[PDB]
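Report on the following structure.
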Amino acid sequence: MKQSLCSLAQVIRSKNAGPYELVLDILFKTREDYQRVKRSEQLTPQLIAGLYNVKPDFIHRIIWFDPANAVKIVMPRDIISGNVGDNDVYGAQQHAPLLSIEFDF
Amino acid sequence: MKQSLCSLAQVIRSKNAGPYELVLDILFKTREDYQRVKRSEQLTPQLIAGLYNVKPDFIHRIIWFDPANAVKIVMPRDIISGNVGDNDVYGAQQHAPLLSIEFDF
Amino acid sequence: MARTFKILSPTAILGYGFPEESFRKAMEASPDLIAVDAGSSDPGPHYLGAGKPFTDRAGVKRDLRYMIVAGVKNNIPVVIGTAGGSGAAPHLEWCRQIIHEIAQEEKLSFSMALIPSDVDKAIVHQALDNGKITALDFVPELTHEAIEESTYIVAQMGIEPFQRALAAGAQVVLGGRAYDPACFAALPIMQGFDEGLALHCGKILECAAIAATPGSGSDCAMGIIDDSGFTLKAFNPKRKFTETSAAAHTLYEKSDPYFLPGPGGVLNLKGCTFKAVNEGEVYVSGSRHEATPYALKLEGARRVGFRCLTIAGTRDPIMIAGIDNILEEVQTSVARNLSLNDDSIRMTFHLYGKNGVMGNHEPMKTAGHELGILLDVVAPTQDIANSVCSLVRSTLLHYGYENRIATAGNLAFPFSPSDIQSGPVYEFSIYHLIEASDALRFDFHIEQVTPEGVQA
Amino acid sequence: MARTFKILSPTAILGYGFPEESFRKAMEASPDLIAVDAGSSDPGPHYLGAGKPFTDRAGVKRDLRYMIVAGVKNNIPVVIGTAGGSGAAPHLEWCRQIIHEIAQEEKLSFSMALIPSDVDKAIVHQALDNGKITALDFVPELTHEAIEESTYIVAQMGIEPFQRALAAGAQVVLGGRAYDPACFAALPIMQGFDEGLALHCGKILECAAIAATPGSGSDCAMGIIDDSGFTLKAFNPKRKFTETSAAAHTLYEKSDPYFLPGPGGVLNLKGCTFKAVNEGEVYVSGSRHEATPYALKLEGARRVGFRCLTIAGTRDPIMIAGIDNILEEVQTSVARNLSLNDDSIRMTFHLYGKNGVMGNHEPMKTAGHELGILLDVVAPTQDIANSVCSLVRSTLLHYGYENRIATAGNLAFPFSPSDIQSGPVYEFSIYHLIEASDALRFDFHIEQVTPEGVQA
Ligand SMILES: Nc1ncnc2c1ncn2[C@@H]1O[C@H](COP(=O)(O)OP(=O)(O)NP(=O)(O)O)[C@@H](O)[C@H]1O
Ligand SMILES: Nc1ncnc2c1ncn2[C@@H]1O[C@H](COP(=O)(O)OP(=O)(O)NP(=O)(O)O)[C@@H](O)[C@H]1O
Ligand SMILES: C[C@](O)(CC(=O)O)C(=O)O
Ligand SMILES: C[C@](O)(CC(=O)O)C(=O)O
Ligand SMILES: O=C(O)CC[C@H](O)C(=O)O
Ligand SMILES: O=C(O)CC[C@H](O)C(=O)O
Ligand SMILES: [Cl-]
Ligand SMILES: [Mg+2]
Ligand SMILES: [Mg+2]
Ligand SMILES: [Mg+2]
Ligand SMILES: [Mg+2]
Ligand SMILES: [Mg+2]
Ligand SMILES: [Mg+2]
């Protein structure tokens, strides 16, 4: 069976990092879970880009923050915060595609 | 034989009749079908009341308008048009419960 | 009368627009009258209450330019009911000014009659005490306090004021609040066409191509009255009149399709038939009219507070599933923080994607994957509404609901700023019949409009 | 010469509120500092651009009454960053007046430092030409035109201006736009506490109980800095700090949790640890601060147009299924009717219940049973925005979409009026670093607040 991200993570969320960037934070329930995911090499730009309907090169960074058992995904905002046409000025509700993730382990 | 209202009706709609009343209009494609529905006595206040979550006595009138092959359901608006708390000032989008109606012929 | 009377209705409400080509084709059919409804109570009480149009000045001006240029050029009267959206004094004046500008820009001269529909409160107070007011169905009984706290009060005129203005030679007739069929029927009736047929024709034409199919609130229709019935047609090859579309419009916005009441009588449709004719046209016959003691419907609204609102989405399934309780907890928190103790503060939520349209009558009990959360607060002052809305917004944004995983914020706002001060809120306060009297007569005034303004 | 430094952060943004009992319990812990963030860029560019608060005056006053009374009574400094929501001159003045009113009502006298963060356009123009401006990640290169068309330009100050004001004896320090951790860290650093620990503590405290669990934007938190780390605690038995909640707040709103940049240096967090201690508290250690050449972040916005919006629901499954094409056909109709010819007229739809939150990034391709349709038009003038919005609204209301059966109208409006003018629209125009210079030095001035005001 696969392990869903939801079963492994305490926090799965988005927010702005300033008006020009969107950050997705995932904090795992245990260090063991975090290390299992990091070791698997399954949380890739290709995975995230497919889930978000962007090109893989649009993912700017995936940062493995060991002190927090956390990973941060960074991408530019394709609508600057507050620009005409925005959907989410604070960048606060862009996390839902991550809820579909399942790991093959 | 179950037969849906949607398969028989050219028009199924709501609108205000002034600020205090909501009217639902059902117009049939054919006189044959209108008369079959009318003579069946299946389109009752109790049916409509259940679909709308109101008491049967809330239905004011069901009017069978033979020249149009049409039936009109009349009820009071439980929120006067434009009052604080309204959901539909023009009364224009209250028809959806009627779309579930099935007759037995 | 004799042979026929052709009425062109260009659009459902003056200002809604229409295709230029449809109007050009309609004019090639040589109308005897260009008539249009310019207003309605369906948009709600703000517009009468605040003295504002629900239609757009630029749209009204655009539509009238076509109509007045054509009417003056071809010596065809142009008749307008419920000027300016609600037909009270400010609405009538707003439309009047638009028409002066058209005459200035197109270098036109014509006579224009103005017919106000405003009713002084003193008349209504006196009628109430004299037993001359009747509530319409489901309307509360009228009180003196409700009269006094109303703003503009208008009566819906019938055919006769329009007829007196037309008989005096008015080329454009700009009526205040009016019974919709009357601005279409007044002229053919004075020319000898049958009252029942003409009023039913007006009722079917009062929203132009809403009575055609596929319908449009923004396309032209014509009725051709003869001595035995009337024919309905459109001027757009993608639209047709059918028996169902025309009959549907006889039902439209009425509480009994057999009996349509208005000032001076009731249309009895028990004997009417709808019959497809020609190609995409319908012939209607059998309509009749019953005179009744003459009464007018009054409309009025009153201010009830001030509104501040915000809209934001949520995409989180845990928040969505728990939303009803979350909103209650946020309300409790805000009331404690601001020490709220006024039962005159009203907070309303609409949860679009669950029950935003039908409320407690919505049959579906579960949301999907997204909600649009619309919050509005109505309070005795704008400042109070703003304060409550702001605190509800920031509290909801960061509320730590049970099992939350999306912990940086809860709401997707489309706009900066997030809160929208929408201002005064009105509610209907008068929707009652008054017995006609001399004091309620609707008198016309004709002015000569020229390219340089009104000339006396 | 105390070995701990205790900081009370009452709420995530001044004005958001907090439970009175949480604040009272926090004061029983005898803070050495009451500090709070009063502003942010996350609410978008309107607030800086238009000079307006995103928080509510009554809420800010309510929160400040607790803080100032407590600080003055107990001789505890009160430090506020980004006064008034955005920290430009009007925001600072707005918050200053609130404080004067509190002093009058509570009969208090105290010194107050004001630290403006406004930057004259000439300084920015000169710096651009001298090669002293650097765009942050993904920010467009700055131009002279963007500088000139901006309104208020502000710089986010660091700890040092606050330190100078505190050293001058100010009992309340009201700062303009500020780097959020600096509010909290300035005083402990000047008292000799470690810069890395103090700035990391400030970054965890700058949103108060958002860093606790369950989170709240409206509840208090305290950080206690000692020689080897800092401890975080809440004051509500329903909330606590955990290793996850504190570490999450280290990630919050940052591009790289290993390196948090600000004016004068970068917090290097690769050595951090989070340790649950006692009951519901967390001890954080290992934070390091590395100095960098001193630069300030500038913010500015510019007006781009004017907005009018409408909101309405639909409940019809045929309309919902076909909504994308319907909206395109309505737009085409409106452009033709109003002869629109300006690409700067922008019509935006949000379809709540399908893709209102995520737009083209929404994974779900199908709506449920209801949509909330939010329309807004941004145009070069308010009149044009209002006119296009109105025509879209009425055209959509009566559009005859394919297979329609609900033919009397297509939209459920919650409000009268349906259209809401929302006014000028701003967009960010400056989001750039500027090298420090004498011209960019932040000056403070102290005024003696009394119940009668400030004298002379
Ligand atoms: N004198 C009257 N006696 C009785 N009822 C009346 C009278 N005048 C008006 N009414 C009522 O008020 C309604 C007015 O209809 P109408 O003139 O079509 O209004 P409207 O608000 O302008 N409609 P619309 O523009 O199509 O949205 C009638 O259907 C009656 O219910
Ligand atoms: N001198 C600087 N050098 C580099 N980056 C800077 C500098 N000053 C500010 N920033 C950037 O701007 C951000 C400011 O963060 P912060 O002070 O928390 O902003 P805020 O808009 O007030 N946030 P919040 O109120 O919590 O919503 C930092 O995270 C950096 O990305
Ligand atoms: C306001 C209006 O557009 C008028 C009409 O019925 O044509 C409506 O009631 O829907
Ligand atoms: C504006 C604000 O409430 C401030 C914060 O981060 O605390 C937000 O950005 O969500
Ligand atoms: O760029 C992205 O993937 C999404 C950012 C989007 O602009 C937003 O409105 O939040
Ligand atoms: O009375 C009803 O059944 C529903 C009417 C409702 O008040 C509305 O807002 O349209
Ligand atoms: Cl493994
Ligand atoms: Mg009307
Ligand atoms: Mg109507
Ligand atoms: Mg009408
Ligand atoms: Mg801040
Ligand atoms: Mg923020
Ligand atoms: Mg911050």
Side-chain angles (χ1 to χ4, degrees), chain A residues 15-19 81 89-92, chain B residues 15-21 23 81 90-92, chain C residues 12-14 16 36-44 47-48 54-55 81-82 85-87 134 136-137 139 154-158 177-183 202-203 205-208 210 217 249 252-256 259-267 292-299 397-398 408-409 431-436, chain D residues 12-14 36-43 54 80-83 85-87 156 177-183 202-203 206-207 210 217 252-254 398 408-409:
Chain A
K15 203 59 178 295
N16 289 343
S81 169
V89 170
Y90 293 56
Chain B
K15 201 63 179 300
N16 287 343
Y20 298 79
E21 294 187 62
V23 296
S81 170
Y90 294 55
Chain C
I13 294 289
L14 183 63
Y16 283 6
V36 75
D37 188 14
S40 174
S41 60
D42 288 317
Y47 298 105
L48 178 60
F54 73 93
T55 51
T82 312
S86 302
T134 303
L136 290 173
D137 286 345
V139 179
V154 292
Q156 272 190 292
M157 79 183 72
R177 187 52 171 151
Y179 178 48
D180 283 350
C183 73
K203 194 251 172 296
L205 291 179
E206 70 179 70
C207 304
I210 299 185
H249 215 73
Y252 178 88
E253 293 183 352
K254 301 292 178 190
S255 57
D256 183 352
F259 294 105
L260 302 189
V266 182
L267 279 174
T292 57
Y294 210 109
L296 301 164
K297 192 197 85 192
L298 299 176
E299 291 170 339
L397 178 61
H398 290 298
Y431 204 78
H432 292 75
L433 299 182
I434 187 169
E435 176 175 283
Chain D
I13 295 286
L14 181 61
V36 74
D37 188 14
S40 174
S41 58
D42 287 319
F54 74 93
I80 300 156
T82 310
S86 302
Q156 273 192 289
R177 185 56 172 149
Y179 178 49
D180 279 351
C183 307
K203 192 256 178 290
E206 63 179 72
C207 299
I210 299 185
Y252 178 92
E253 294 185 349
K254 301 295 179 187
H398 291 299

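The figures that follow rest on heavy atoms only: side chains count, while hydrogens, waters and symmetry mates do not. One-based numbering, in listed order, for ligands and for the atoms of each. Note on naming: letters A, B, ... go to the chains in the order of the sequence lines (proteins, then strands), and numbering restarts at 1 for each one.
- The shortest N/O to N/O separation between C:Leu296 and ligand 1 does not fall below 3.5 Å.
- Closest to atom 1 (N) of ligand 1, if we only count protein heavy atoms, is C:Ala295 O, 2.9 Å.
- Atoms of ligand 1 lying under 4.0 Å from at least one heavy atom of C:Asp42, given by number and element, are 27 (O).
- Below 3.5 Å of separation, one finds no N or O of C:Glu299 facing any N or O of ligand 1.
- Of all protein heavy atoms, the one lying nearest to atom 27 (O) of ligand 1 is C:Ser40 OG, 2.6 Å.
- In this structure the side chain of C:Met157 never reaches within 4.5 angstrom of the side chain of C:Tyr179, judged on heavy atoms.
- With contacts defined as side-chain heavy-atom distances shorter than 4.5 Å, the pair B:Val23/C:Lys254 does not qualify.
- Only the side chain of C:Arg177 comes within contact range of ligand 1, with a heavy atom under 4.0 Å; no backbone atom does.
- Summarising the geometry of C:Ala12 relative to C:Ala208, their closest heavy-atom pair is N-CB, 3.8 Å, with the distance given to 0.1 Å.
- For ligand 1, the atoms sitting less than 4.0 Å from at least one non-hydrogen atom of C:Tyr431 are 12 (O), numbered in the order shown with element in parentheses.
- Near C:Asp37, with a cut-off below 4.0 Å to any heavy atom, the atoms of ligand 1 are 25 (O).
- Residues B:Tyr90 and B:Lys15 have side chains that never bring a donor and an acceptor to within less than 3.5 angstrom of each other.
- Among the atoms of C:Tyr252, none of the N or O lies under 3.5 angstrom from an N or O of ligand 1.
- Considering every non-hydrogen atom in both C:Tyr252 and D:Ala408, the closest pair reads CE1-CB, 3.6 Å.
- In terms of N/O distances under 3.5 Å, ligand 1 is not approached by C:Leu433.
- Within the structure, the closest approach of C:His432 to ligand 1 does not fall below 4.0 Å when heavy atoms are considered.
- Between C:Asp137 atom CG and B:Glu21 atom CD the span is 5.0 Å, to the nearest 0.5 Å.
- Proximity of A:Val89 to D:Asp42: side-chain heavy atoms (C-beta onward) are nowhere separated by under 4.5 Å.
- Taking the side chain as every heavy atom from C-beta outward, C:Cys207 and C:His249 approach each other to under 4.5 Å.
- Scanning the protein for heavy atoms near atom 11 (C) of ligand 1, the closest one is C:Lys297 CD, 3.8 Å.
- Scanning all protein heavy atoms for the shortest distance to atom 2 (C) of ligand 1 gives C:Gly262 C, 3.5 Å.
- Residues C:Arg177 and C:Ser41 have side chains in contact (heavy-atom distance under 4.5 Å, counting atoms from C-beta outward).
- Residues D:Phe54 and D:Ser40 are in side-chain contact: their nearest non-hydrogen atoms beyond the backbone lie under 4.5 Å apart.
- Proximity of C:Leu136 to B:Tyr20: side-chain heavy atoms (C-beta onward) are nowhere separated by under 4.5 Å.
- Nearest protein heavy-atom contact of atom 16 (P) of ligand 1 is C:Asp180 OD2, 3.6 Å.
- Considering only non-hydrogen protein atoms, atom 15 (O) of ligand 1 sits nearest to C:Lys254 NZ, 3.6 Å.
- Rounding to the nearest 0.5 Å places CD1 of C:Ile210 at 8.0 Å from CD of C:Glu253.
- At a 3.5 angstrom cut-off on N or O pairs, C:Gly39 counts as close to ligand 1.
- Counting backbone and side-chain atoms alike, D:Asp42 contributes no N/O/S atom closer than 2.8 Å to the Mg ion (ligand 11).
- Here the angle centred on the Mg ion (ligand 11), running from OD1 of D:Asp180 over to O of D:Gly39, is 120°, rounded to 10°.
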Q: For side-chain contact (heavy atoms from CB on, under 4.5 Å), just list the numbers for C:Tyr16 and C:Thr55, CA-CA rounded to whole Å, side-chain angles, deciding distance to a tenth of an Å, and then say yes or no.
A: CA-CA 7 Å; C:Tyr16 283 6; C:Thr55 51; 4.2 Å; yes

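- Here the CG atom belonging to C:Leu298 is positioned 10.0 Å from the CD atom belonging to C:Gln156, to the nearest 0.5 angstrom.
- Counting the atoms of ligand 1 from 1 in the order shown, those under 4.0 Å from a heavy atom of C:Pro263 are 1 (N), 2 (C), 8 (N).
- Residue C:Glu206 approaches ligand 1 through these ligand atoms, each under 4.0 Å from one of its heavy atoms: 18 (O), 26 (O).
- Remark: the backbone N or O of C:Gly44 is not paired with any side-chain donor or acceptor of B:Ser81 at under 3.5 angstrom.
- Coordination check, D:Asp37 versus the Mg ion (ligand 11): passed, since an N/O/S atom of the residue sits under 2.8 Å.
- Note that the CG atom of C:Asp37 and the CG atom of C:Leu205 stand 11.5 Å from one another [nearest 0.5 Å].
- At least one heavy atom of C:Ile13 sits closer than 4.0 Å to an atom of ligand 1.
- At the top of the distance list for atom 6 (C) of ligand 1, counting protein heavy atoms only, stands C:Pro261 O, 3.9 Å.
- Nearest to atom 13 (C) of ligand 1 by heavy-atom distance, out of B:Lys15, C:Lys203, C:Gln156, is C:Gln156.
- The Mg ion (ligand 11) has no N, O or S atom of D:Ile13 inside 2.8 Å of it.
- Not a single heavy atom of B:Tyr20 sits less than 4.0 Å from an atom of ligand 1.
- Considering both main-chain and side-chain atoms, C:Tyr179 never comes within under 3.5 Å of ligand 1 through any nitrogen or oxygen pair.
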